[PDB]
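A.B. asks: Partial complex here, more coming in a sec:
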Amino acid sequence: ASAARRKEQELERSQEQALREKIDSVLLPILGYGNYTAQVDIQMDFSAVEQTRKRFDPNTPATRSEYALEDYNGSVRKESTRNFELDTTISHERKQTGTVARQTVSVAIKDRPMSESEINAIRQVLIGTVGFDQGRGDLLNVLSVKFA
Amino acid sequence: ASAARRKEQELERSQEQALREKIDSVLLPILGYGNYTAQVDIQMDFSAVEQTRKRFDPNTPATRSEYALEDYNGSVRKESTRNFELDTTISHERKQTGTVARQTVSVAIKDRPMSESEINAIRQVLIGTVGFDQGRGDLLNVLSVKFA
Amino acid sequence: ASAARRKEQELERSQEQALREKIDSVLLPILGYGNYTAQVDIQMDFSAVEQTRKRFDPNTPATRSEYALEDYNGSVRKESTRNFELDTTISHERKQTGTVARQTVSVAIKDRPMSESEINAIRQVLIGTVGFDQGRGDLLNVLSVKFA
Amino acid sequence: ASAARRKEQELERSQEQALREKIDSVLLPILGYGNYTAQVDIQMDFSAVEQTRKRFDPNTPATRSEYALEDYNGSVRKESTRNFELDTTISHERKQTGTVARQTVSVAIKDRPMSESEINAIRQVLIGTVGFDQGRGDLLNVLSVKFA
């Protein structure tokens, strides 16, 4: 199984490399060659979830058989027996093993600095270039630093 | 199964490449060569959902057999027994494995900037060029940036 | 099964290509060569729905056997037993796997702009050229843009 | 089964081609060569419906056996038992797989425009040339546009 773990590491590294390639394909025309640096971290879960759900519909029952005895005298006896049929959904789901659980991307732009408007524009391009998903916990940093 | 995961990555990359090709086929005449850059992120779910639904119709029962005893004297006894037949739908669905769960497209247009009207027109063309589906969570960014 | 998914992608791309061919066959005479650009997105569901419906007719029962005891004295006893026969429809449906769930078409017309009347006329031709179905969620954009 | 889906696409395209051929055979004499353009969209359902209906006739029962006890004293007891025979129809239907569920035809006529009377006459010829069926949801557009 350790060979499987090794190949999982290979998958994660391949994903990171592909994302880096896309980042380059976007930023190389916009910024130029050597005016930026970017690295990508991709964390992938490899669990084996397998779920079975059996759901009913309480608010729409359908009476199948029914008995109702109601006699008076004073005495009032109200017996009743009822059998129901209910909407039944049975869903069996099997999640894919390797899923990107969190994605971190950081891009540093060489100074000569960059204005806030262009930094936010680059961030907007990257959002969509990488597939930024904040609800997944992903993080995207864009900074303007001084290259040596 | 890790080979299957590798081929799933290949499928996702192929989808992204096809969408990029369509984007180019639309924008190359309109904008020109080298006046734009665009990248596409496609996230695909590969679950194995398999659902079985059994639904009834509570509001239209059909009486199959019926017994009704109603005697008086004062004393009033009202016995009743009833059997019903109901509309029964049984649907077994099996979803396709790989489905595009979210799609992100970002396009950056070289300045010399672009007016808001033409930016929105390009966005309208892309909506339909790519098959934008906001209800799916898809995202489409169109920006006017300064190429270096 | 991933080979099956690949061939599903091929089917979707083939459908898009055919629709593009029809769009060209309509617009090339009307507009000319190079005066327009159009792209088509086709999303196809590949579920495996299989439904069985058993429907009755509550409002037209036919009495098969019947017992009715009605004695008086005062005391009034009204016993009754009844058996019914009902209209029974049993339909087993099996949907076709790959069905176009949503269709998006966008057409951009080169300026020198186009009047609203001719834009709507082109839209009317496309509706029928492509088989526009708004109830399915399809979308058709026709814009007049400035080609570079 | 994907090969079956491919051949279904082939069937749909063949139907569209045949309808286009008929449209040409009608309009080429009337309008001329190159004075019109027309495209046809045909959507075909490929479900596998298979229905079984069991219908009765409540209003014409035939008594098979009958018992009737009616004694007096005052006391009045009216017992009764009755067995019936009913008209029974049992029909098993199996629909053909591929059926044209919706048909869209659009025809554009080159200007030099066309009067409303002749447009409606051409529409009347097409209705019958194509087999227009509004109740099926079919759509037929005839427009007069300016060819370039």
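C.D. replies: Done, it's in. Numbering: from 1, shown residues only, chains lettered A, B, ... in the order given.

A.B. asks: which other helices and strands contact the longest helix anywhere in chain A?
C.D. replies: Determined from DSSP state H, the single longest helix within chain A is helix A:2-31. Using 3 or more C-beta pairs under 8 Å, 6 or more residues apart in numbering or on different chains; DSSP states H and E as the contact definition, the elements that helix A:2-31 packs against are strand A:36-45, strand A:99-110, helix A:116-129, helix B:2-31, strand B:36-45, strand B:99-110. Backbone N, C-alpha and C define where each C-beta goes, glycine included.

A.B. asks: Format these as JSON lines; extra columns: mean neighbour count.
C.D. replies: Listed next are the helices and strands packed on helix A:2-31 as JSON lines, based on neighbours: other C-beta atoms under 10 Å in any protein chain shown:
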{"stretch": "strand A:36-45", "mean neighbour count": "16"}
{"stretch": "strand A:99-110", "mean neighbour count": "18"}
{"stretch": "helix A:116-129", "mean neighbour count": "19"}
{"stretch": "helix B:2-31", "mean neighbour count": "17"}
{"stretch": "strand B:36-45", "mean neighbour count": "21"}
{"stretch": "strand B:99-110", "mean neighbour count": "21"}
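
A.B. asks: Pick out the residue of chain A closest to chain D.
C.D. replies: residue A:64 (20.5 Å; C-beta to the nearest C-beta).

A.B. asks: tell me the contacts of that residue?
C.D. replies: Shown in contact with residue A:64 (C-beta atoms under 8 Å, 6 or more residues apart in numbering or on different chains): A:83, A:84, A:85, B:83, B:84, B:86.

A.B. asks: and then chain E:
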Amino acid sequence: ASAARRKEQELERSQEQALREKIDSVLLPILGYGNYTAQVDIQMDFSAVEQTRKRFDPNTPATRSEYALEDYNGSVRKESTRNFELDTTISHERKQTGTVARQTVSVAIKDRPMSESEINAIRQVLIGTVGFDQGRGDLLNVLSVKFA
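C.D. replies: Okay, here's chain E dropped in alongside the others:
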């Protein structure tokens, strides 16, 4: 089965061709060569209906055995038991698969226009030339148009 669907399309096209041949055989002497154009649409159902009907005759029963007890005292008891024999028809029908469900014919006559009387006379000839059946939903259009 798709080969069967293909041959069904072939059958429909053959029927249309035969009807067109008959239309020509009637109109070529009457109108001349090239003075008319006509196209025929034939829609054929290919269901597999198979019905079984069991019908009785409620109003002419024949008593097979009979018991009748009628004692008096005052007390009046009228017991009765009766068995019946009824006319029973059992018909099993199996419809032919391919049946013309709707037929559409349109004929356009070259102007130099045609008077209403002769248009109606041509319509009367066609009714019988084609086997017009309005109750089936068939449609027959005869117009006088200007050939180019």
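
A.B. asks: now the longest helix of chain A and helix B:2-31, what's the angle there?
C.D. replies: 10 degrees (axes from the mean of the first three to the mean of the last three C-alpha atoms, to 10 degrees).

A.B. asks: Distance from helix A:2-31 to the middle of the chain?
C.D. replies: 19 Å (C-alpha atoms, centre = their mean, to the nearest Å).

A.B. asks: Next up, the contacts around the most far-flung residue of chain A relative to its centre.
C.D. replies: Largest separation from the mean C-alpha position in chain A: residue A:73, at 66.1 Å (C-alpha atoms, centre = their mean). Residue A:73 sits next to B:74, B:75 when contact means C-beta under 8 Å, 6+ apart.

A.B. asks: The same query, at a cut-off of 7 Å, please.
C.D. replies: Residue A:73 is in contact with residue B:75, counting by C-beta atoms under 7 Å, 6 or more residues apart in numbering or on different chains.

A.B. asks: what does residue A:140 give?
C.D. replies: So residue A:140 contacts A:105, A:123, A:126, A:127, A:132 (C-beta under 7 Å, 6+ apart).

A.B. asks: Now for the fourth one: which residues touch it?
C.D. replies: Shown here is residue A:127, whose contacts under the criterion C-beta under 7 Å, 6+ apart are A:140, B:106, B:141.

A.B. asks: Residue C:16: which of these is nearest?
C.D. replies: residue B:106 (22.1 Å; C-beta to C-beta).

A.B. asks: quick one: the nearest residue to the closest one once chain neighbours are set aside from residue C:46, how far?
C.D. replies: Using C-beta to C-beta, 6 or more residues apart in numbering or on different chains and skipping residues adjacent in sequence, the residue nearest residue B:106 is residue A:128, 2.9 Å away. Relative to residue C:46, residue A:128 is positioned 27 Å away (C-beta to C-beta, to the nearest Å).

A.B. asks: Further, place chain F onto the existing structure:
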Amino acid sequence: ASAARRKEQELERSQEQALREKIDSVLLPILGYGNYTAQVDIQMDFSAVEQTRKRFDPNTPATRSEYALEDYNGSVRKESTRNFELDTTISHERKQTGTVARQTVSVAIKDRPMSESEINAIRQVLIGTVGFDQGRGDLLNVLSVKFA
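C.D. replies: Chain F added:
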């Protein structure tokens, strides 16, 4: 079975051809060569009806055994039991498959017009030449038109 449907079409066409031959054999001497045109439409049902009828005679029963107790005292008790024998007809019919369900004939006579008396005489000859059966729904049109 589609080959069977093809041969059914062949049968219908053969019937139409035979009727046309008879029409010619009657009208060629009377009217001449080229002074008339006639076409015949024959619709044939190919169902597989198979009926079984069991009929009785309620009004002529024959008593087989009989018991009759009639005692007096006042008290009057009239018991009776009776068994009957009835006329029983059991007919099993199997209809021929292909039967002409409707027949349409139209004849057009070249002008130089024809008087009403001779038109009705020709109609009378055709009635009997073709076997006109109005109760079957058949239709026979005879018109006087202007040949070109």
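
A.B. asks: try the contacts of residue A:64 again now we have chain F.
C.D. replies: Contacts of residue A:64 (C-beta under 7 Å, 6+ apart): A:83, A:84, A:85, B:84.

A.B. asks: Check whether residue A:48 sits in a helix, strand or coil.
C.D. replies: Classification of residue A:48 by DSSP: H, G, I helix; E, B strand; the rest coil places it in coil.

A.B. asks: count of neighbours near it?
C.D. replies: 9 (other C-beta atoms under 10 Å in any protein chain shown).

A.B. asks: what's the closest non-adjacent residue to it?
C.D. replies: residue A:97 (6.3 Å).

A.B. asks: Quick check: the gap between the one you found and residue A:70.
C.D. replies: 60 Å.

A.B. asks: Can you pick out the residue with more neighbours from the two?
C.D. replies: residue A:97 (19 against 15).

A.B. asks: thought the more buried one was touching residue A:46?
C.D. replies: Yes. Between residue A:97 and residue A:46 there is a contact under C-beta atoms under 7 Å: 5.2 Å.

A.B. asks: where's residue A:138 relative to residue A:43, distance?
C.D. replies: Residue A:138 is 10 Å from residue A:43, by C-beta to C-beta.

A.B. asks: Now do the shared contacts for those two.
C.D. replies: Common neighbours of residue A:138 and residue A:43 (C-beta under 7 Å, 6+ apart) are residue A:102.

A.B. asks: which outside residues touch stretch A:85-92?
C.D. replies: Contacts of stretch A:85-92 (C-beta under 7 Å, 6+ apart): A:52-57, A:60-62, A:64, B:49-56, B:86.

A.B. asks: Identify each buried residue in stretch A:58-73, please.
C.D. replies: Within stretch A:58-73, the residues that count as buried by 16 or more other C-beta atoms under 10 Å in any protein chain shown are A:61, A:62, A:63, A:64, A:66.
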